[PDB]
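Only one chain comes next, encoded as structure tokens, the form deposited in one PDB entry.
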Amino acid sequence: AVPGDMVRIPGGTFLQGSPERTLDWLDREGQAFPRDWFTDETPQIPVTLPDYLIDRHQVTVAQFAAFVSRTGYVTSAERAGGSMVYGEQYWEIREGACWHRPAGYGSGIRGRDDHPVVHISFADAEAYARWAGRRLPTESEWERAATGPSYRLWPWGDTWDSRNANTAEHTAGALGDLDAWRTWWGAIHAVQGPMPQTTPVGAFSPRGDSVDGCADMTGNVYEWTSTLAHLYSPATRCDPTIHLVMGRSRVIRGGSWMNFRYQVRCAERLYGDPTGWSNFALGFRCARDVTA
């Protein structure tokens, strides 16, 4: 039996990572990051997986609330008294920030039932998945579900469309140019506070869905995987801050509402501190062996 809220990814072998021509092309595009910020996607490696199950949607607020309701679970951020938000200029600790106070004391989740839940630490996410009789996806399971059985830049193919997902490409597009966006970012912080601009899970289906049926693998919230940060070959060379977290951080995928197109690709790698750190743009979805 396959649960109604999961989809079945068929087993096979796929090329995990990004080919050299993609990095060449990002080098040509006038985007910020030097090449060695993307080299942790290289070289591509053959990865064999069985059939496996992955959630169609990111875990929502309403689902996390049911978990807390029935178990009494207290999240890392609650224990710490705060959690990260992106402020006027930098990431910041926000007092009281947590899944039910996404912007800290004075905010709430009224009417965001079906949005992805955020301020989820690595341990929060594993606790939920365990309770649900499931687990986190590995990095390999996540990427295969995003790119499909052959390589593509985004879940829907190689041509960007700001309409297919919840990213900053939409919002900057609407305000007219990257400058009006930065102004806007500043202005909405003054009053409103640091509110996540999440969207209801599945709101862009089927446009932005992956080939196997996963929604929001692009943008909305970052997503935890169970994979400890590692290079695809021992000779891969990246920015020293990426090397620094290898073997310590867990892998975070998908990009978020805050990202532009190159940080929401199927193969983009990000990393997070698994020991209690969390932030207002990071959640998760679950996965399962076909047979538990």
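Start at 1 with the first residue shown and count on from there. Note that the rigid core is defined as the largest set of C-alphas that superpose within 1.5 Å between two forms.
Only in words, not in the display: the form solved in complex with a partner chain, which the text now covers.
Taking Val245, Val47, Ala65, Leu26 one by one, only a single residue has any non-hydrogen atom within 4.5 Å of the partner chain in the deposited complex, and it is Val245.
Using a 4.5 angstroms heavy atom cutoff to the partner chain in the deposited complex, all of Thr241, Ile252 and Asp273 count as contacting. Note on the interface: of 145-153, 161-169, 212-220, 90-98, the segment with non-hydrogen atoms within 4.5 angstroms of the partner chain in the deposited complex is 90-98. In the deposited complex, none of the heavy atoms of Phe14 sits within 4.5 Å of a heavy atom of the partner chain. Interface residue remark: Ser18 is not counted as part of the site for the partner chain in the deposited complex, having no heavy atom within 4.5 Å.
Put simply, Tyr52 is far from the partner chain in the deposited complex: not one heavy atom of it is within 4.5 Å. With a 4.5 Å cutoff on heavy atoms, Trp257 does not count as touching the partner chain in the deposited complex; it lies far away.
Compared between the shown form and the other one on the core, the listed residues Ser150, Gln192, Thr159, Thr71 keep their C-alpha shifts below 2 Å, save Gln192. Note: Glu78-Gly193 Cα separation is 3 Å or more longer in the deposited complex than here.
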